[PDB]
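Below: one structure, written as structure tokens.
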Amino acid sequence: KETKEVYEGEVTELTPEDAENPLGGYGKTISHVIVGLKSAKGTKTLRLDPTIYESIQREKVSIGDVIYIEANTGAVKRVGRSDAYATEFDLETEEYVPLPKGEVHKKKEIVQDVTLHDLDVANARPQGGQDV
Amino acid sequence: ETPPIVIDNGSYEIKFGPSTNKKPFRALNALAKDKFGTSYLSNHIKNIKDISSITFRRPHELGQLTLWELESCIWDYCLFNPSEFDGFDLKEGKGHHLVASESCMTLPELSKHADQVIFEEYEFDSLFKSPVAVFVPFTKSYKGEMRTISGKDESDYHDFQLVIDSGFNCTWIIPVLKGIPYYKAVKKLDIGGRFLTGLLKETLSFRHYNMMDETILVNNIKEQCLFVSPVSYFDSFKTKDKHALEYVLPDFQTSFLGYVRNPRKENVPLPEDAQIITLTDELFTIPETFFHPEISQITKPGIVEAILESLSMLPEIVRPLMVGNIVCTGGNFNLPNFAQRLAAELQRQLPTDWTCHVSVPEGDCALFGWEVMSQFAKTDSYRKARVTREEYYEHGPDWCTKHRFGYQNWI
Amino acid sequence: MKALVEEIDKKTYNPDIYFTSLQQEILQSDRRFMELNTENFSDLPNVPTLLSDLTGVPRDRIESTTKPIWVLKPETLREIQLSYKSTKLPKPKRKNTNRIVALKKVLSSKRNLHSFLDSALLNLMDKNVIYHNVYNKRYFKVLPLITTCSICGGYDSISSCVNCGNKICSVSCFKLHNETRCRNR
Amino acid sequence: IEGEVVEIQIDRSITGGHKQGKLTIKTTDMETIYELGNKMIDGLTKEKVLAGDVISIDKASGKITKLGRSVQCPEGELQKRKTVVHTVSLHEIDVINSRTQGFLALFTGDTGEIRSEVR
Amino acid sequence: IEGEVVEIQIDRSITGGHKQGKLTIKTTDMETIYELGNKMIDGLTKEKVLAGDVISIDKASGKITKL
Amino acid sequence: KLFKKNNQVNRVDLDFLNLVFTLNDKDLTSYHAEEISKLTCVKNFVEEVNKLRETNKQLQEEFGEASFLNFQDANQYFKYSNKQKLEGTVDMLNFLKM
Ligand SMILES: Nc1ncnc2c1ncn2[C@@H]1O[C@H](COP(=O)(O)OP(=O)(O)O)[C@@H](O)[C@H]1O
Ligand code: BEF
Ligand SMILES: [Mg+2]
Ligand SMILES: [Zn+2]
Ligand SMILES: [Zn+2]
């Protein structure tokens, strides 16, 4: 049995923590990009890990495109650019998609059955990852 | 005279009837004369045969009414004719009281002329000149059939109601509190029934021959087969092939009104020599202009922009109270699967913590509006609300239309 | 595929270059809206005066720089009167003294710019409240905009015209566009 | 999307990028100008093409294929909607899913002892 | 050395160049303020801590672990 | 592309479940893990829960029968305030639990 958190919405903000107070130790800047998750039904500014922002950079997202992130793993997948930017380009390889309906923060539970030796091989050998 | 008279004027059609009967009497508000010059009474254009070239001369304009004598002539016809109005009877109307509706944005001088005329020539013993949105929160005073739509889910009168009102003249948005609408948050939609008729005429000219001369046919086709897109535009466009309707035009000699032949039904097998104009693409495109005015290539903001502006500038505490009660009134709200789309797109556009809750009345919403004004008279507040002749007489004529019936009073 | 080594010049060549060879619109939108809001053919030429009066721009200049595309008569009063002559006729009234003498100047005034402006009776501030205040200011657009075929609304194939820039989708739309909707051709 | 080109005109910045590529595409029955996105004009810079050259454009992949010069006589609609059908044994998909190196493994045969749970 | 940090103040602009700032470290039973050397300035430059955080530093090797 | 169908609905991360310890020894001393495990500080979220559901239950006992009702909260100057306060305190409650 397992439970995770669901998030969706389009992207407008690519800014780190401003950190107005220097404190004498910070040339204020961080590899933690604060993004206001612009879903049509909700918006929240998140301090994001360098890994999830690195995956954001992997998708090379721009302003105005739906994103999907995870609270725990931070997995980043984009359905594509929004239909608002469809008229900007007469042609574009990136698919123009509408914003999926639903709240920003959604919670789902799984009771998936996994055999013992899949966990055996995963523990003996890590399965994989997007990082170098 | 305990039962007053209920008159609900309109730029297109005026709703009128006594306080006793349930169903209001109907009469179009427009004067039409044929190309040969034969004028037709407003209730008799439906009786004429030649509907090809008709020029309409209505006293109402895009904003309001101007011709006082022609409109007074219209009312004199509509309230002095018991022979053609069964059950109705009104000889002179001294003690008979009036329940009159009007726009929230009446001009000072035009309102002056209107109140002067109604008080001094029609001797209304007492009357209440107020917009429909004021009578709207009195719906809870009576129990009856009423339907509601939820956006999220897949005294004797209420206070916090959001009023959406659409008519042939125009469309308006009104937030009302304690029974007095929030005037500064009331906004107007420029798209009216006349604009819809004109754009249908233009699209038909671009897709068929010229029907700009025809006007009754365009209203008939926009009234009998136009429906709102249930979900969006692209799905309807892809499914417009199966959602294809063919309308048989009315031959002037045998059929005064045409019929829409549905291919899916076999109940109409008789063939006709008259040509049939097929319709597959414009069935849902026209109502999509409300959500997406850009499909008509117009620079209007849109319904969602207006509602979000009105709510945002409105005080924050009563915004959820506003969106907790939405009711649709007017003729244009009779289109199918429309307010469900409004609820869905509000819920998409409104924050999760808020809940969208729009209630829809069955059938014509203008009839429900007439019903609500009629039942407003039964309320114990109306007898306090009505203003007599003398208070108009001794006081200056501007006082009655500026203080109690003046929009500047509650601004 | 791409050649690893390619010809590169210094004078004509530049990394960015890649060439290989062998207000008014708002006025148009408002005018098309208001003329689409007008039904009678005889009412088409007179409403531009209404547009100019409301907008405040000079009528003659915008009329020359923009190409688009009575009700009351005593005899009409007479035939309308006889139409419902079954029951008809209210009573007006008049009085004397300086107040009614002044009211003569407003009773049956018969004033009209085209229908009714022609007055200082409405305040300029009230005029701005009526016209310039009701319309929204900052919310130009919130929802996405969709552009489809100007002929049939097709959107799968998007292709603007080369002369007038009009969007066309199908071959039939293109072939009927050039001679009818392509004014620049 | 397959049709002969008329000219190629890419808008851009000398040092800031801001690439806006445009090029008219012609055939036997259309003469249409197209605004090209960043990827397509990046490719068009990758492979050298000229105005008279004809290329084939696929929306999803964004790849470009040119075969001849005014050699080829294109016709028909630009937005030709034709399917691509691919046959394969389940051995190839098994090898691909077994390992990220399975591509070259099946291209070279140095596979071996695939887990039966994958099967 | 285990202790929750209270505050860190380094004069990195008035004097700069590892001004030997002072950081206060608290525990549930005792609290003291610890001087920071130039090499300690460089060490705290890595594994950056904005205080309000429980960290521990080995007494011998001087290696700070952010818990 | 035929293989990248939605699997998050039926996949276990197994990394957040601290079962990938073979990679944990790369950057972890034994005593640090021993001391960070014993500092599994319970009742710190529970004390916030306790300080919040006092107000939650007070509001529920005050206007929990009408503020939560859609009809009453539709037209009421202060009852919606109770409704939204109850929703907010429940939201902070389950977020702190998460
Ligand atoms: N059942 C219906 N289907 C489609 N359109 C309708 C229907 N009923 C009314 N309408 C539209 O509503 C308009 C009537 O507006 P109305 O509310 O009567 O204006 P007013 O407020 O001046 O009375 C007409 O132009 C008509 O096109
Ligand atoms: F007065 Be209208 F036709 F809305
Ligand atoms: Mg009306
Ligand atoms: Zn088309
Ligand atoms: Zn053209």
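In the structure tokens, chains take letters A, B, ... by order of appearance, with residues numbered from 1 within each chain and ligands from 1 in the order shown.
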Test item: residues no farther than 10 Å from ligand 2, counting only C-alpha atoms and all ligand atoms, as a PyMOL selection string:
chain B and resi 8-14+29+60-65+102-103+165-172+192-194+330-332
Produce a file of the selected residues containing N, CA and C atoms, as an mmCIF file, in the first residue's frame.
data_model
loop_
_atom_site.group_PDB
_atom_site.id
_atom_site.type_symbol
_atom_site.label_atom_id
_atom_site.label_comp_id
_atom_site.auth_asym_id
_atom_site.auth_seq_id
_atom_site.Cartn_x
_atom_site.Cartn_y
_atom_site.Cartn_z
ATOM 1 N N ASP B 8 -43.806 43.935 -18.011
ATOM 2 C CA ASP B 8 -42.360 43.753 -18.119
ATOM 3 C C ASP B 8 -41.962 44.128 -19.541
ATOM 4 N N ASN B 9 -41.563 45.381 -19.726
ATOM 5 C CA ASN B 9 -41.202 45.858 -21.051
ATOM 6 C C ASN B 9 -39.917 45.196 -21.541
ATOM 7 N N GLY B 10 -39.764 45.159 -22.854
ATOM 8 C CA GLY B 10 -38.558 44.627 -23.460
ATOM 9 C C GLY B 10 -38.328 45.259 -24.812
ATOM 10 N N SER B 11 -37.052 45.363 -25.191
ATOM 11 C CA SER B 11 -36.722 45.905 -26.504
ATOM 12 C C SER B 11 -37.267 45.019 -27.614
ATOM 13 N N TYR B 12 -37.176 43.700 -27.444
ATOM 14 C CA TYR B 12 -37.770 42.778 -28.406
ATOM 15 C C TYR B 12 -39.258 42.589 -28.143
ATOM 16 N N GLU B 13 -39.599 42.043 -26.980
ATOM 17 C CA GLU B 13 -40.965 41.672 -26.652
ATOM 18 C C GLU B 13 -41.297 42.152 -25.249
ATOM 19 N N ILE B 14 -42.532 42.614 -25.063
ATOM 20 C CA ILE B 14 -42.999 43.117 -23.778
ATOM 21 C C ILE B 14 -43.860 42.052 -23.113
ATOM 22 N N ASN B 29 -42.689 43.842 -29.453
ATOM 23 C CA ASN B 29 -42.494 45.289 -29.398
ATOM 24 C C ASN B 29 -41.685 45.699 -30.626
ATOM 25 N N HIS B 60 -37.766 50.866 -29.834
ATOM 26 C CA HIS B 60 -36.553 50.552 -29.094
ATOM 27 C C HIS B 60 -35.340 50.592 -30.014
ATOM 28 N N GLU B 61 -34.228 51.100 -29.492
ATOM 29 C CA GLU B 61 -32.947 51.055 -30.175
ATOM 30 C C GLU B 61 -32.014 50.106 -29.425
ATOM 31 N N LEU B 62 -30.741 50.096 -29.830
ATOM 32 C CA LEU B 62 -29.765 49.203 -29.211
ATOM 33 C C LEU B 62 -29.685 49.402 -27.702
ATOM 34 N N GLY B 63 -29.929 50.620 -27.223
ATOM 35 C CA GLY B 63 -29.841 50.891 -25.803
ATOM 36 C C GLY B 63 -31.169 50.931 -25.074
ATOM 37 N N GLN B 64 -32.139 51.658 -25.617
ATOM 38 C CA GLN B 64 -33.385 51.910 -24.902
ATOM 39 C C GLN B 64 -34.470 52.265 -25.920
ATOM 40 N N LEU B 65 -35.566 52.844 -25.434
ATOM 41 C CA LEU B 65 -36.668 53.312 -26.262
ATOM 42 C C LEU B 65 -36.680 54.835 -26.289
ATOM 43 N N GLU B 102 -37.704 47.868 -15.711
ATOM 44 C CA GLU B 102 -36.935 48.744 -16.583
ATOM 45 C C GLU B 102 -35.456 48.441 -16.399
ATOM 46 N N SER B 103 -34.652 48.966 -17.317
ATOM 47 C CA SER B 103 -33.212 48.770 -17.253
ATOM 48 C C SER B 103 -32.627 49.462 -16.027
ATOM 49 N N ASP B 165 -28.502 37.956 -16.754
ATOM 50 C CA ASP B 165 -29.710 38.304 -17.494
ATOM 51 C C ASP B 165 -29.330 38.584 -18.938
ATOM 52 N N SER B 166 -29.919 37.831 -19.862
ATOM 53 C CA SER B 166 -29.647 37.975 -21.284
ATOM 54 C C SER B 166 -30.938 38.285 -22.027
ATOM 55 N N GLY B 167 -30.868 39.260 -22.935
ATOM 56 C CA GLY B 167 -32.015 39.636 -23.732
ATOM 57 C C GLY B 167 -31.595 39.993 -25.143
ATOM 58 N N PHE B 168 -32.604 40.245 -25.980
ATOM 59 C CA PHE B 168 -32.337 40.601 -27.370
ATOM 60 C C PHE B 168 -31.585 41.924 -27.464
ATOM 61 N N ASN B 169 -31.917 42.878 -26.591
ATOM 62 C CA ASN B 169 -31.215 44.159 -26.590
ATOM 63 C C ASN B 169 -29.736 43.975 -26.275
ATOM 64 N N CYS B 170 -29.435 43.292 -25.179
ATOM 65 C CA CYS B 170 -28.065 43.113 -24.703
ATOM 66 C C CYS B 170 -28.093 42.095 -23.566
ATOM 67 N N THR B 171 -26.932 41.871 -22.956
ATOM 68 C CA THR B 171 -26.787 40.972 -21.820
ATOM 69 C C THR B 171 -26.083 41.717 -20.694
ATOM 70 N N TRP B 172 -26.518 41.470 -19.461
ATOM 71 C CA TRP B 172 -26.009 42.184 -18.301
ATOM 72 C C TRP B 172 -25.649 41.199 -17.197
ATOM 73 N N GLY B 192 -25.991 41.172 -28.468
ATOM 74 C CA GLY B 192 -27.413 40.994 -28.297
ATOM 75 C C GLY B 192 -27.999 40.107 -29.384
ATOM 76 N N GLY B 193 -29.322 39.942 -29.314
ATOM 77 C CA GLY B 193 -30.010 39.140 -30.311
ATOM 78 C C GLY B 193 -29.887 39.698 -31.715
ATOM 79 N N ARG B 194 -29.879 41.027 -31.848
ATOM 80 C CA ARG B 194 -29.733 41.641 -33.164
ATOM 81 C C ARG B 194 -28.373 41.322 -33.774
ATOM 82 N N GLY B 330 -34.270 35.493 -18.758
ATOM 83 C CA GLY B 330 -34.330 36.060 -20.089
ATOM 84 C C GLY B 330 -34.538 34.998 -21.156
ATOM 85 N N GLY B 331 -34.884 35.486 -22.348
ATOM 86 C CA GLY B 331 -35.161 34.583 -23.454
ATOM 87 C C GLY B 331 -33.934 33.832 -23.938
ATOM 88 N N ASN B 332 -32.782 34.504 -23.974
ATOM 89 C CA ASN B 332 -31.575 33.911 -24.541
ATOM 90 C C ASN B 332 -31.023 32.758 -23.714
#
From region 132-256 of chain B, collect each residue whose DSSP state is strand (DSSP E) and return the set as a PyMOL selection string.
chain B and resi 147-150+161-166+171-177+180-181+187-189+245-248
Compute the chain A side of the contact with chain B at 7 Å, counting only C-alpha atoms, and hand it back as number ranges by chain.
A: 40-42, 103
Would you export the selected residues with C-alpha atoms as a tab-separated table (two decimals), in the first residue's frame, please?
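Done, and the output landed in result_16.tsv:
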chain	number	residue	atom	x	y	z
A	40	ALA	CA	-6.82	27.42	-13.80
A	41	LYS	CA	-8.29	26.28	-10.46
A	42	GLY	CA	-5.30	26.96	-8.19
A	103	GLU	CA	-7.20	20.64	-8.61
Write out as a PDB file with N, CA and C atoms, in the first residue's frame each polymer residue whose atoms come within 8 Å of residue 70 (chain A), counting only C-alpha atoms; drop sequence neighbours fewer than 3 positions from it.
ATOM      1  N   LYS A   4       0.621   8.835  -2.806  1.00  0.00           N
ATOM      2  CA  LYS A   4       1.438   9.889  -3.390  1.00  0.00           C
ATOM      3  C   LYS A   4       0.567  11.115  -3.637  1.00  0.00           C
ATOM      4  N   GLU A   5       1.198  12.189  -4.107  1.00  0.00           N
ATOM      5  CA  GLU A   5       0.542  13.474  -4.312  1.00  0.00           C
ATOM      6  C   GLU A   5       0.644  13.883  -5.775  1.00  0.00           C
ATOM      7  N   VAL A   6      -0.427  14.481  -6.292  1.00  0.00           N
ATOM      8  CA  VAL A   6      -0.556  14.808  -7.707  1.00  0.00           C
ATOM      9  C   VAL A   6      -0.625  16.321  -7.861  1.00  0.00           C
ATOM     10  N   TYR A   7       0.064  16.845  -8.878  1.00  0.00           N
ATOM     11  CA  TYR A   7       0.071  18.275  -9.158  1.00  0.00           C
ATOM     12  C   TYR A   7       0.094  18.523 -10.658  1.00  0.00           C
ATOM     13  N   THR A  73       8.749  12.245  -5.343  1.00  0.00           N
ATOM     14  CA  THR A  73       9.794  11.965  -6.322  1.00  0.00           C
ATOM     15  C   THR A  73      10.175  13.209  -7.112  1.00  0.00           C
ATOM     16  N   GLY A  74       9.236  14.129  -7.314  1.00  0.00           N
ATOM     17  CA  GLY A  74       9.504  15.287  -8.139  1.00  0.00           C
ATOM     18  C   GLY A  74       9.517  15.011  -9.623  1.00  0.00           C
ATOM     19  N   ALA A  75       8.900  13.915 -10.062  1.00  0.00           N
ATOM     20  CA  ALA A  75       8.896  13.566 -11.476  1.00  0.00           C
ATOM     21  C   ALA A  75       8.202  14.646 -12.291  1.00  0.00           C
ATOM     22  N   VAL A  76       8.852  15.069 -13.368  1.00  0.00           N
ATOM     23  CA  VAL A  76       8.370  16.147 -14.220  1.00  0.00           C
ATOM     24  C   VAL A  76       8.030  15.580 -15.588  1.00  0.00           C
TER      25      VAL A  76
END
Pick out the chain F residues within 8 Å of chain A. Count only C-alpha atoms. Give them as a VMD selection string.
chain F and resid 9 to 13 16 19 to 22
Write the residues of the preceding selection, restricted to N, CA, C and O atoms, as a short mmCIF file (atom, residue, chain, number, x, y, z; two decimals), in the first residue's frame.
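Saved file out-v9.cif follows:
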data_model
loop_
_atom_site.label_atom_id
_atom_site.label_comp_id
_atom_site.auth_asym_id
_atom_site.auth_seq_id
_atom_site.Cartn_x
_atom_site.Cartn_y
_atom_site.Cartn_z
N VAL F 9 0.10 5.52 -11.89
CA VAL F 9 -1.08 4.99 -11.21
C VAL F 9 -0.79 3.62 -10.62
O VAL F 9 -1.42 3.22 -9.63
N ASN F 10 0.14 2.87 -11.20
CA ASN F 10 0.44 1.52 -10.74
C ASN F 10 1.94 1.25 -10.73
O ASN F 10 2.40 0.20 -11.17
N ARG F 11 2.72 2.20 -10.22
CA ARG F 11 4.14 1.98 -9.99
C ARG F 11 4.50 2.43 -8.58
O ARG F 11 3.98 3.43 -8.09
N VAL F 12 5.39 1.68 -7.94
CA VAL F 12 5.90 2.01 -6.61
C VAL F 12 7.28 2.62 -6.78
O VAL F 12 8.15 2.05 -7.45
N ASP F 13 7.49 3.80 -6.18
CA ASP F 13 8.78 4.46 -6.27
C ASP F 13 9.88 3.63 -5.62
O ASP F 13 10.96 3.45 -6.20
N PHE F 16 11.58 6.40 -2.00
CA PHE F 16 11.08 7.07 -0.81
C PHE F 16 10.80 6.10 0.32
O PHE F 16 10.77 6.51 1.49
N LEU F 19 14.25 1.59 0.65
CA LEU F 19 14.61 0.22 0.32
C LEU F 19 15.68 0.15 -0.76
O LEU F 19 15.79 -0.86 -1.46
N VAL F 20 16.47 1.21 -0.91
CA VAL F 20 17.53 1.28 -1.91
C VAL F 20 18.83 1.53 -1.15
O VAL F 20 19.71 2.26 -1.60
N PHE F 21 18.93 0.93 0.05
CA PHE F 21 20.03 1.25 0.96
C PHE F 21 21.40 0.93 0.37
O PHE F 21 22.41 1.43 0.88
N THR F 22 21.47 0.10 -0.67
CA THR F 22 22.75 -0.18 -1.31
C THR F 22 23.41 1.08 -1.84
O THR F 22 24.65 1.13 -1.94
#
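Every chain C residue lying within 9 Å of chain A, based on only C-alpha atoms, is listed here: residues 143, 144, 145, 146, 147, 158, 159 and 160 of chain C.
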Residues from the last selection, N, CA and C atoms, saved as a PDB file, in the first residue's frame:
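The result, written out as selection_24.pdb:
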ATOM      1  N   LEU C 143      -8.464  33.929 -21.273  1.00  0.00           N
ATOM      2  CA  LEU C 143      -8.576  32.614 -21.880  1.00  0.00           C
ATOM      3  C   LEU C 143      -7.814  32.561 -23.196  1.00  0.00           C
ATOM      4  N   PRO C 144      -7.395  31.369 -23.623  1.00  0.00           N
ATOM      5  CA  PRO C 144      -6.693  31.253 -24.905  1.00  0.00           C
ATOM      6  C   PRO C 144      -7.588  31.611 -26.080  1.00  0.00           C
ATOM      7  N   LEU C 145      -6.954  32.080 -27.151  1.00  0.00           N
ATOM      8  CA  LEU C 145      -7.646  32.471 -28.371  1.00  0.00           C
ATOM      9  C   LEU C 145      -7.454  31.403 -29.441  1.00  0.00           C
ATOM     10  N   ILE C 146      -8.494  31.189 -30.244  1.00  0.00           N
ATOM     11  CA  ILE C 146      -8.508  30.155 -31.272  1.00  0.00           C
ATOM     12  C   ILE C 146      -8.783  30.811 -32.617  1.00  0.00           C
ATOM     13  N   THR C 147      -7.942  30.513 -33.604  1.00  0.00           N
ATOM     14  CA  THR C 147      -8.119  30.988 -34.970  1.00  0.00           C
ATOM     15  C   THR C 147      -8.358  29.785 -35.872  1.00  0.00           C
ATOM     16  N   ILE C 158      -3.549  24.839 -40.725  1.00  0.00           N
ATOM     17  CA  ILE C 158      -3.490  26.286 -40.558  1.00  0.00           C
ATOM     18  C   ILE C 158      -2.513  26.836 -41.586  1.00  0.00           C
ATOM     19  N   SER C 159      -2.986  27.774 -42.406  1.00  0.00           N
ATOM     20  CA  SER C 159      -2.156  28.359 -43.454  1.00  0.00           C
ATOM     21  C   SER C 159      -2.718  29.734 -43.784  1.00  0.00           C
ATOM     22  N   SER C 160      -2.004  30.783 -43.391  1.00  0.00           N
ATOM     23  CA  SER C 160      -2.409  32.135 -43.739  1.00  0.00           C
ATOM     24  C   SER C 160      -2.153  32.401 -45.217  1.00  0.00           C
TER      25      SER C 160
END
Could the residues of chain F within 12 Å of chain E, counting only C-alpha atoms, be given as a list in words, please?
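Putting it all together, I get residues 27, 28, 29, 31, 32, 33, 34, 35, 36, 37 and 39 of chain F.
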So that I can check the surroundings of residue 56 (chain F), please list as a ChimeraX atom specification every protein, DNA and RNA residue that reaches within 8 Å of it, counting only C-alpha atoms and ignoring chain neighbours fewer than 4 positions away.
/F:52,60,86,89-90
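The residue set within 9 Å of residue 127 (chain B), counting only C-alpha atoms and dropping same-chain residues fewer than 3 places from it, reads residues 4, 97, 98, 99, 100, 124, 385, 386, 387, 388 and 389 of chain B.
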Dump of N, CA and C atoms for the selected residues, as a compact mmCIF listing (two decimals), in the first residue's frame:
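Saved the output as selection33.txt:
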# COMPACT_ATOMS: atom_id res chain seq x y z
N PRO B 4 -52.48 44.17 -8.70
CA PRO B 4 -51.92 45.14 -9.64
C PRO B 4 -51.79 44.53 -11.03
N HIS B 97 -53.06 49.10 -9.85
CA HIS B 97 -51.66 49.37 -9.57
C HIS B 97 -50.77 48.70 -10.61
N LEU B 98 -49.54 49.20 -10.71
CA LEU B 98 -48.62 48.80 -11.76
C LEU B 98 -47.35 48.20 -11.17
N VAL B 99 -46.87 47.13 -11.79
CA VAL B 99 -45.57 46.55 -11.49
C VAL B 99 -44.77 46.60 -12.79
N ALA B 100 -43.90 47.60 -12.91
CA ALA B 100 -43.18 47.86 -14.15
C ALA B 100 -41.69 47.62 -13.96
N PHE B 124 -51.85 55.78 -12.85
CA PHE B 124 -51.53 54.65 -11.99
C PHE B 124 -51.58 55.07 -10.53
N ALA B 385 -43.31 49.29 -0.82
CA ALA B 385 -42.46 49.74 -1.92
C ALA B 385 -43.20 50.62 -2.91
N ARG B 386 -44.49 50.39 -3.12
CA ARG B 386 -45.24 51.14 -4.12
C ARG B 386 -45.30 52.62 -3.75
N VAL B 387 -45.26 53.47 -4.77
CA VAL B 387 -45.32 54.92 -4.61
C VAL B 387 -46.59 55.42 -5.28
N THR B 388 -47.31 56.30 -4.59
CA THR B 388 -48.62 56.74 -5.04
C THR B 388 -48.49 57.90 -6.03
N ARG B 389 -49.65 58.43 -6.45
CA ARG B 389 -49.66 59.56 -7.37
C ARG B 389 -49.23 60.85 -6.68
Kindly determine which residues of chain C lie within 10 Å of chain D, considering only C-alpha atoms, and give the answer as a VMD selection string.
chain C and resid 1 to 3 6 14 to 22 156 to 163 165 167 to 171 174 to 175
Those residues you just picked out, can you put them in a file as a PDB file, in the first residue's frame with C-alpha atoms?
ATOM      1  CA  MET C   1      23.503  14.544 -44.042  1.00  0.00           C
ATOM      2  CA  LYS C   2      24.926  17.872 -42.867  1.00  0.00           C
ATOM      3  CA  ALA C   3      28.430  18.452 -44.207  1.00  0.00           C
ATOM      4  CA  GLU C   6      30.936  24.135 -45.132  1.00  0.00           C
ATOM      5  CA  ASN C  14      26.647  36.059 -40.861  1.00  0.00           C
ATOM      6  CA  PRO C  15      25.618  33.332 -38.385  1.00  0.00           C
ATOM      7  CA  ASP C  16      22.099  34.741 -37.977  1.00  0.00           C
ATOM      8  CA  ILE C  17      21.282  35.209 -41.673  1.00  0.00           C
ATOM      9  CA  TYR C  18      19.603  32.446 -43.669  1.00  0.00           C
ATOM     10  CA  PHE C  19      17.985  33.629 -46.918  1.00  0.00           C
ATOM     11  CA  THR C  20      17.479  31.603 -50.103  1.00  0.00           C
ATOM     12  CA  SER C  21      15.621  32.971 -53.133  1.00  0.00           C
ATOM     13  CA  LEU C  22      15.041  31.969 -56.758  1.00  0.00           C
ATOM     14  CA  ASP C 156      -6.430  21.016 -38.482  1.00  0.00           C
ATOM     15  CA  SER C 157      -4.518  22.698 -41.330  1.00  0.00           C
ATOM     16  CA  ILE C 158      -3.490  26.286 -40.558  1.00  0.00           C
ATOM     17  CA  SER C 159      -2.156  28.359 -43.454  1.00  0.00           C
ATOM     18  CA  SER C 160      -2.409  32.135 -43.739  1.00  0.00           C
ATOM     19  CA  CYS C 161      -2.783  33.666 -47.182  1.00  0.00           C
ATOM     20  CA  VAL C 162       0.180  35.253 -48.938  1.00  0.00           C
ATOM     21  CA  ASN C 163      -1.669  38.362 -50.186  1.00  0.00           C
ATOM     22  CA  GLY C 165      -2.865  36.951 -44.812  1.00  0.00           C
ATOM     23  CA  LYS C 167      -6.150  31.846 -42.772  1.00  0.00           C
ATOM     24  CA  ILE C 168      -7.253  28.989 -45.042  1.00  0.00           C
ATOM     25  CA  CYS C 169      -7.479  25.271 -44.293  1.00  0.00           C
ATOM     26  CA  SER C 170      -8.706  23.203 -47.263  1.00  0.00           C
ATOM     27  CA  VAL C 171      -8.102  23.272 -51.007  1.00  0.00           C
ATOM     28  CA  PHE C 174      -8.128  28.317 -50.943  1.00  0.00           C
ATOM     29  CA  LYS C 175      -9.706  28.184 -54.402  1.00  0.00           C
TER      30      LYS C 175
END
Which one is closest to chain D: F:68, F:78, F:45, F:3? Count only C-alpha atoms.
F:3
Counting only C-alpha atoms, what is within 10 Å of region 80-95 of chain C, bar same-chain residues fewer than 6 positions away, as a ChimeraX atom specification?
/B:31,38-42,44,70,72-74,76-84,91-92,117,120-122 /C:74,101,103-104,107
